[PDB]
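Structure at a glance
Now for the letters of each chain:
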Amino acid sequence: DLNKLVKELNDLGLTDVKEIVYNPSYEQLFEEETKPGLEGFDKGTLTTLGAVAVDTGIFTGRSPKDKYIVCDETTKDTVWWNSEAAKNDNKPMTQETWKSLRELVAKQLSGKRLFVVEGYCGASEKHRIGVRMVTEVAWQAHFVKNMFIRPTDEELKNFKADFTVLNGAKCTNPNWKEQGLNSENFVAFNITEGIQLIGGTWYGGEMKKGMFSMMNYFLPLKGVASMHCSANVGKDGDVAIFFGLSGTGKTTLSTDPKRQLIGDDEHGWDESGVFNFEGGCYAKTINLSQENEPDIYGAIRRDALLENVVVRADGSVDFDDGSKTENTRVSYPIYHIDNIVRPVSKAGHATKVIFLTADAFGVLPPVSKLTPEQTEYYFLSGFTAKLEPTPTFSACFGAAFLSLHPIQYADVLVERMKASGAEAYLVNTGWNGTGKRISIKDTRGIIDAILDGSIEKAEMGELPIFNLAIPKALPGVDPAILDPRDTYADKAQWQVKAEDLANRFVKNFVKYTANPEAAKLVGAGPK
Ligand code: NA
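Residues numbered from 1 in each chain as written, not as in the entry; some residues may be left out. Heavy atoms only, no water. Residues with missing side-chain atoms left out of burial classes, pairs and counts.

The chain appears in the PDB entry as phosphoenolpyruvate carboxykinase from Actinobacillus succinogenes. Its PDB title, taken directly from the record, is "Crystal structure of phosphoenolpyruvate carboxykinase from Actinobacillus succinogenes". Quoted verbatim from the Pathway (unreviewed entry) field of UniProt, the annotation for the chain is "Carbohydrate biosynthesis; gluconeogenesis." Regarding the chain, the relevant UniProt record gives this comment under Sequence similarities (unreviewed entry): "Belongs to the phosphoenolpyruvate carboxykinase (ATP) family." (UniProt positions renumbered as here; feature names shortened; annotations may be inferred.)

Quick look at the structure:
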């Protein structure tokens, strides 16, 4: 009912609403994106791959410094607010400033032709958020049609919008200084009202990650895990989830011809199992090649939406050109990948949990079986490194999207694992004592041993300092690399580097000891 929709938009403050393009088909979106007369960043270009490409302007990535959550009676004592104790992007916003911003955005979307897309964040009927996004730019509607679950005709008849995203990319906030904000741009959330406002930035990710942040607020409070991970399922129905920061092999190791993909980035884990929050994938395309990333490359066709890629004069795409940004992307509905779970992106309870890390310090074992306490410790640590070794720590493998304290995500994850008897493993896909990277042959052998349970049959030893349980041998894996000390000429070399890494983990974790519940976890961390 377009009549009902317009009244609800008026309620939000949008006036003089002209034509509304509600839930357009992919064909309509293509026509809208290539419409004669589009100017600026609204303009789409049909590439030779058949996919339309658009540019996002000055913002080619998220703007965490411009992210705010309204502080009110609902959020004062529930949100994990940025503090001296532990810095994060959850910056409070007054109700007065929120109102001003809402009016600003409402004004920007008034007296115009609008696109409205309604979809779901969450494949679980019990724990999903119906999202309604309003925009004046067709490709932004396309991004949402790709990234959220597309409702059935039946669902669209009784669709309830639990959260509304008002995309006012074209407007900027003139009173930001007076208001004490970061800039004239803004990505603000009002949890009580159920609204996300976007201003100044055109980057599509703000819509995807904004809703992920909201799921990260509502779900854990209901005992449901909300995770930044990929997930897949074996032919027999066995489910595994993978965590890992960029460069840890997450995408490659969770891509297996024999296991259908549930999702590649955001999942929930409730009483029924693991479910994707998304209806598509938002992949990085820099240096993309058909040879290396056949699944992703193959997905770039009509209905995919390329972002910030360089298009040559003949319409072809130079995927190696990062002139606009190194963060070139492409979004596409999930069925552009063949090896996926259908008809709905969800499966049973996970029984294997894998934490990947590229340990540039060459200290961690290629694989360790974690205790429940260590599972929480390494989940809060969210560690990886790159080469002198430089570490990166990101709580729960996605600190930027945590609306609650890290411990709250760890608690629900381990609760779900305990019920299904799931085992967690820390897997180092990085380097060892040779100074070289662990072979992918061994890493693939390790992932196989984890999934087929052979690691559970192995004789176990224990690595000192970290007190990690490690297998002495595994089918298809070089037993000479299982203990990280064996790849060094002298174990004393490992010992020195281990004390160093242990120190970095401990120093990183100190901020969590300011949280009462998490404080005791230092006992499960190194030394
Ligand atoms: Na399309």
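Each donor-metal-donor angle in an ideal tetrahedron of four donors is 109.5 degrees, and each such angle in an ideal octahedron of six donors is either 90 or 180 degrees. Here the sodium ion is held by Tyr26 (O) and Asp303 (OD), and the distances to it run 2.7 to 2.8 Å. Pair noted here: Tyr26 is in helix α2 (residues 26–33) and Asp303 is in the loop between α9 (294–299) and β18 (305–307), with a separation of 277 residues, a long-range link. Note on accessibility: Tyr26 and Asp303 belong to one class, buried. (Donors = N, O, S within 2.8 Å, 3.2 Å for Na, K, Ca; no water. Helix = DSSP H or I, 4+ residues; strand = E, 2+ residues; numbered from the N terminus. Buried < 20%, exposed > 50% of the residue type's maximum accessible area, 1.4 Å probe, protein only.)

Turning our eyes to something else, we now look at the UniProt feature "binding site: substrate" (unreviewed entry) in the chain. UniProt annotation of "binding site: substrate" (unreviewed entry) refers to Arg62, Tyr203, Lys209 and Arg329 when read in the numbering used here. On the basis of their most widely separated C-alpha atoms, the annotated residues across 268 residues gather in one place, lying no more than 14.3 Å apart. If we ignore the near neighbours within four places in the chain, the residues touching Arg62 are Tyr203, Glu206, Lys209, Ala400 and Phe401. Within the secondary structure layout, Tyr203 lies in the loop between β10 (195–199) and α7 (205–221). Discounting residues that sit within four places of it in the chain, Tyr203 has contacts with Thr56, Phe59, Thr60, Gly61, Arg62, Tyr282, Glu307, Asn327 and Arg329. (Contact = heavy atoms within 4.5 Å.)

Before going further, it helps to examine the environment of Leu387. Considering the arrangement of structural elements, one finds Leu387 in the loop between β25 (383–386) and β26 (390–393). Discounting chain neighbours no more than four positions away, the residues touching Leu387 are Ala360 and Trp431.

On to the packing of aromatic side chains. Geometry of an aromatic ring pair is reported as the spacing of the ring centres plus the angle between the planes. On inspection of all chains with the given rule, the structure shows 27 aromatic pairs. With a centroid separation of 5.8 Å and an interplanar angle of 70 degrees, the aromatic rings of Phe41 and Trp202 are classed as edge-to-face. In this pair, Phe41 is assigned in the loop between α2 and β2 (45–46) and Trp202 in the loop between β10 and α7, connecting sequence segments 161 residues apart. Relative accessible area serves as the criterion here: at 38%, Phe41 is assigned to the partly exposed category. Measuring from ring centre to ring centre gives 5.7 Å for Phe355 and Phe379, while their planes differ by 20 degrees; the resulting arrangement is stacked. On the criterion of sequence distance, the pair formed by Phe355 in strand β23 (residues 350–357) and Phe379 in helix α10 (residues 372–381) is long-range, its members being 24 residues apart. The class of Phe355 is buried, set by a relative accessible area of 0%. Classification of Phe379 by relative accessible area gives buried; the value is 2%. Following the ring pairs from residue to residue traces out a cluster consisting of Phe361, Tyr377, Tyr378, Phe383, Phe393, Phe466, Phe505, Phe509 and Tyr512. Taking the ring centre of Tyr68 as reference, the NZ or CZ of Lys91 above it sits at 4.9 Å. Its end group placed over the ring of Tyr282, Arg329 keeps NZ or CZ at 4.7 Å from the ring centre. (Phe/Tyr/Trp six-rings, centres within 6.5 Å; stacked < 30°, edge-to-face > 60°. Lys NZ or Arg CZ within 6 Å of the ring centre and 35° of its normal.)

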